[PDB]
Amino acid sequence: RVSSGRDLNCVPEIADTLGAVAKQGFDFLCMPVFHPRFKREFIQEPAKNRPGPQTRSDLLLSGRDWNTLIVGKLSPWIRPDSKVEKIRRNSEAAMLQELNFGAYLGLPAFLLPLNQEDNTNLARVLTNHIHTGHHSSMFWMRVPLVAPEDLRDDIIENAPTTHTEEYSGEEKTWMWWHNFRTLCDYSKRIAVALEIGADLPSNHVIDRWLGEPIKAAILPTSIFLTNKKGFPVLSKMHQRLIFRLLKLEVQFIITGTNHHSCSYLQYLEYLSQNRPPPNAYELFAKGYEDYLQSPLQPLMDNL
Amino acid sequence: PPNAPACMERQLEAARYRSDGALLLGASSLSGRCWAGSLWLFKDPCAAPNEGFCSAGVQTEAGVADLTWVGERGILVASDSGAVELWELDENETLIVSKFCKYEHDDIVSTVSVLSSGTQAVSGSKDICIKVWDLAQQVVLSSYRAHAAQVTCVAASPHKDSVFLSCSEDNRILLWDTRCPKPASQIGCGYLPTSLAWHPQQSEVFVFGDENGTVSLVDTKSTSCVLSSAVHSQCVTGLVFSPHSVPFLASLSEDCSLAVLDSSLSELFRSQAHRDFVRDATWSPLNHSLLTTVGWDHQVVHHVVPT
Amino acid sequence: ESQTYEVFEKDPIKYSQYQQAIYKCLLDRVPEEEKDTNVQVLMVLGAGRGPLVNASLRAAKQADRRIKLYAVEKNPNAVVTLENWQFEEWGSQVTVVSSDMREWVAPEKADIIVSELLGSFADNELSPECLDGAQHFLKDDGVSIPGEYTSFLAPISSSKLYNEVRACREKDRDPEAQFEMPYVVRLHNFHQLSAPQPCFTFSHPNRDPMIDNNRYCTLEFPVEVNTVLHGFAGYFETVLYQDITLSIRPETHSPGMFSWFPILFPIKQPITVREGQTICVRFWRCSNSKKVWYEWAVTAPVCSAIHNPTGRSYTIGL
Amino acid sequence: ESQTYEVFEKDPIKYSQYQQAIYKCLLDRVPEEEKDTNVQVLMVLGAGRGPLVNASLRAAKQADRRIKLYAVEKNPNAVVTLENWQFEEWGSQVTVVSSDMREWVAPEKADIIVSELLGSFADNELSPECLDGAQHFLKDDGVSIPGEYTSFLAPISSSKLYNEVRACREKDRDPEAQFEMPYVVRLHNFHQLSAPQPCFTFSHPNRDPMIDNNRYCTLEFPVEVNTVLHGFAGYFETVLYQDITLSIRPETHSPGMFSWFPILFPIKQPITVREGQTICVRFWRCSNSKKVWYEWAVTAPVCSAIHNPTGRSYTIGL
Ligand SMILES: Cc1ncnc2c1ccn2[C@@H]1C[C@H](Oc2cc(C(F)F)c(F)c3c2CNCC3)[C@@H](O)[C@H]1O
Ligand SMILES: Cc1ncnc2c1ccn2[C@@H]1C[C@H](Oc2cc(C(F)F)c(F)c3c2CNCC3)[C@@H](O)[C@H]1O
């Protein structure tokens, strides 16, 4: 009933990992296509000439599995907007390399992060790859509801967390997304993977994501509260947000390590089962949602 | 060749000499079918990396991103799986056995540092958190989300058990002290901090390397008049001081080089023996002018620093 | 893509044919007495995920000779599959080279260069250009597999495929560009008006200076029926080694071969052909330093416009 | 064309400036005692109908030194004018070479390579690439004239030029392509919103390995007035030799120079700028083996789409 996917950053054996992920009950896996720690060099000798394979083989999975179950993840060291020229040049080559590898496999979607205000060069390199070749892969922007800098523990003695309401300030992650898609010319191939943190922001901040192409929601294990029996659950505020996303029919993604004695998935299924039944209108319109049709002209035309 | 693996993964992550002179090796396969890791002990440092000429070996279920000695028998491992691992040598030092594998971080544990006493340790992850551990109790004492990005380096105080340094992609260098209610403080002073090194004599002075190859000398007292040198062309992956009463600073980098510098940061040694990224440095406890470096090229190169 | 290579791999007939072409060449180059004295330098050019590399090893076992394999591939995504195979199975035998075959400076010259750079109209993937830039690293007596290839052309009638091409109009381009570019198609509901005739032929190695891969060919096709010409089906034949060959020409089609389907070269306006009339077509192979393309025109019974003048609608990149 | 070269020739200021750059270099390279011992190898790269060749001869007379001139031109129509001049007037002095400066294998190395391969945005005619491929035939101590060049950019408002670009829509192409390509224009009814700032700079020779002519520059332009931004005027400055320079930057414009007019880099949708706001623009110099192009975007006060992504609307051919 819920299209759910497991997010991993550690995959030692791809077939074992996928087998366990599917045993858990997930419909897809988000995993790195190269080793997240395997930083590569493209400009200077001798690390430029690093021999041996660059990643694991495409032969390790059926084309059908690469096509339907694997979601690629950009490498965390790739920073096209670094203040260091060499890191931008190297990151440009590595991003195109990683994207073109996922296109070579026909992966249904690839993930890219939005975690700083300036993502100009990342957008230019994405736009450039879109205009290069024949691929049709969906691009997911991993963007948080709240920036890591605004949900940090108030434990820096000489740098404290402000308690003053900054209206526009609290909705900074939406402008990171807005600028990225304005740069990328509103491409239909670029969507949002909205990351939901520990404590929900103001309602206005959540309402900024209304009308936006949210294709997935990322729920870290650390945002789950424990019930009386010991299994993971979510707050009524967090639950409300899940019900909004289920109408939008997003793909739920579970990220992070385990923290409870899969139950994380089973809670979403339970919530999805408990939602209100669709009324006459909602049942009739089921399929017609945001589908543009021409207004009838029964005077001019014969119905 | 004991009751352990027959092959050691090409990417040599960490080289650590213990008190007697035995060499610790951390390795991971960052390419190919399997992406797992391994731990190795070489009682003969000249026999490394030859898998058949070793004292003991072991297979980790995932890559080794960082490691540290927990005395003379124990070994603390930063895993890609998000686990902090403690592996202890057996009674004969012919086996490496798992003591604890604790999955408490939500992403790749990138850095690990054992605290002055040796009963506690600090881990820094890509999940942005920093954690203080009880090695004996096998739990996390405190969890700290003080950063706004991935933690690059965690370095425990040479002598104070409550103090440590952390640096991150959020451009912060945080001085910690668990005795305060707000444990961290931002060291004032550009480019992202990548490597941290506490000075072994002045418990108030430390060095930091940045993503632009520059190495800088910092005094916690008057955080101005900072001494700096452009040592490397690429990012500085590590800084290790020599055991000498007046230590020498060895700096490893992504430019595939090693350099040994004096107290005024000037260059005295330079080594291009490495063809891939230089990942670690460990000075011999026995021969203080002899320094070892392991790289991503599978080399274990032994250097004789001109002192 | 990975699946495109998977599809090309699942063609046994073509690889059992390549196997034999190497087998017969291994015997002709190394006599039974020289069985262990001489190891043959074999160079796969455009190796993909290595189906020819494996065929070369299967050919070396049955011919019972020694080979030194090189697997040159420019696609670095394919090169990952090759390097994983080299580590897990092939070994020192195969030296995987991640380069463009016209840029690679080779250690030593090759005894045999083996390539599959052929499309539905033979030279339409730029096999002439690729193997020309690779020819400098072939021994002054080396063998190229394939040694020769020829494109064929036949006039066709299909008001169904003419409509299918009309439907290919796209915005922001010439409203008639869809008629000035070839298409790969499994031709079905159509009529062949004259027998296929050879168009362009290329042989490797090309020891001649001022080699020139440009072409101009005039074909005269006798028509026995009354009809409406809409285009020209193109096929190819190739001589791998001696009698070992592959063909997609329907009257000599290699049985069970999947890798190629006919090309179709359409014409803007359909042409009426009466019984006894001759359809005359002109084809050109053109090129500059950066692009190769085809241009073509019907000159009998009536003239057409010159199709794709200067690759304006379709060029093949160098 | 012949008349384009005639127009470029009728610019005295630019040639009297080139004259002096050669004059001062001749003195710095050959001391008065060496006056007749050393003849300097001078190589004009992209000679046209030879206005620089004549300037080089005028510079050799006033500097009273010996020169050995070469006039490299790829345009063979221009090469006819050069070869007629060589016969009727220049003589043995000038060795006319009808080649592309990146393909020419020179007899000996050059003392000075002199070129005019600059456009309104400096490196927009591919001067970086041309002189890089010619750099191998320059002495390990030779002088390139020009030694350096820099492109400048200034934000502008002109609802009149924004309309002029809208009017540039053509059929069979992107309805918005006219906004993703530069234009050479004598800007008149317009308003400059911020002072010109340097964008891209190239120096010759480029002795550095992994030389890379690609660029990415971020500019922050302070605006004092309320306005509507429509595009970016581009200009250039060049250091011929030492203090001898040419400029089209309005605040340092070389008086009486005709050969260049400003470029204009438009934006699809006009942008409102309030007094005190900063206009931030990003420029890129891009390239593959065959084409070089610019891509650009406004990032403040608001974002624009990335203009000309992958040279899709405009590329400069290699
Ligand atoms: C200048 C240069 N230098 C190095 N390699 C180059 C080039 C140009 C192309 N190529 C390679 C050739 C290779 O083409 C194939 C591979 C397989 C096999 F892999 F299955 C095939 F079945 C088929 C083809 C193509 N014709 C249909 C059957 C493809 O991988 C390209 O990247
Ligand atoms: C790779 C290569 N190899 C050999 N020559 C090459 C190239 C590329 C271009 N060219 C030449 C350069 C030359 O450009 C000029 C000549 C005159 C003078 F003739 F008046 C000018 F005033 C001006 C220009 C151009 N900037 C404005 C002023 C033109 O003739 C081209 O054919």
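FYI, side chains are in, hydrogens and waters are out, and symmetry mates aren't considered; it's all heavy atoms of this structure. Whatever order the structure lists them in is the order used to number ligands and atoms, beginning at 1. Convention: sequence-line order gives letters A, B, ...; per-chain numbering from 1.
A ring-centre distance under 6.0 Å is not found for C:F152 and C:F121. Within the 6.0 Å centre-distance limit, the rings of C:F137 and C:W104 are counted as a close aromatic pair. Between D:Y5 and D:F8, the gap from one ring centroid to the other reaches at least 6.0 Å.
Of all atoms in ligand 1, listed by their number and element, those nearer than 4.0 Å to a heavy atom of C:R102 are 1 (C). When each atom of ligand 2 is checked for a heavy atom of D:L117 under 4.0 Å away, the hits are 12 (C). With ligand atoms numbered from 1 in the order given, ligand 2 contributes 25 (C), 26 (N) to contacts under 4.0 Å with heavy atoms of D:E125. In the vicinity of D:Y5, heavy-atom distances shorter than 4.0 Å reach the ligand 2 atoms 19 (F), 29 (C), 30 (O), 32 (O).
Dense packing is recorded around OH of C:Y314, with more than 12 heavy atoms of other residues, nucleotides or ligands lying under 6.0 Å away. In D:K290, the NZ atom is crowded: over 12 heavy atoms of neighbouring residues, nucleotides or ligands sit closer than 6.0 Å.
Salt bridge D:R102/D:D132: absent, no basic N to carboxylate O contact under 4.0 Å. A salt bridge is defined here as a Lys NZ or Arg NE, NH1 or NH2 lying under 4.0 Å from an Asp or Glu carboxylate O, and C:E1 with C:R49 fails to meet this definition.
Distances between N or O atoms of C:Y15 and those of ligand 1 include no value under 3.5 Å. Ligand 2 has an N or O atom lying under 3.5 Å from an N or O atom of D:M101, backbone or side chain. The shortest N or O to N or O distance between C:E116 and ligand 1 is under 3.5 Å. By the 3.5 Å distance cut-off applied to N or O atoms, D:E9 is not counted among the residues near ligand 2.
No heavy atom of D:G119 sits closer than 4.0 Å to any atom of ligand 2. Look at D:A78 and you'll find every heavy atom at least 4.0 Å from all atoms of ligand 2. A heavy-atom separation below 4.0 Å is not found between C:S115 and ligand 1. In this structure, C:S259 does not count as a contact residue of ligand 1, since none of its heavy atoms falls inside 4.0 Å of the ligand.
Annotation: atom 14 (O) of ligand 2 to nearest protein heavy atom, D:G46 O, 4.4 Å. Of the protein's non-hydrogen atoms, C:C130 SG, 3.8 Å is the one closest to atom 8 (C) of ligand 1. For atom 31 (C) of ligand 2, the closest heavy atom belonging to the protein is D:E73 OE2, 3.6 Å.
Considering all non-hydrogen atoms of both residues, C:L131 and C:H204 come closest at CD1-CD2, 3.7 Å. Between D:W90 and D:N54, the closest heavy-atom pair is NE1-OD1, 2.8 Å.
The shortest distance between side-chain heavy atoms of C:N77 and A:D58 does not fall below 4.5 Å.
Contact annotation for D:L118 and ligand 2: only backbone heavy atoms (N, CA, C, O) come within less than 4.0 Å of the ligand.
Aromatic ring pairs are classed by plane angle as parallel below 30°, tilted from 30° to 60° and perpendicular above 60°; the pair C:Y149 and C:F202 is tilted.
Scanning D:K74, D:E6, D:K14 for the heavy atom closest to atom 6 (C) of ligand 2 points to D:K74.
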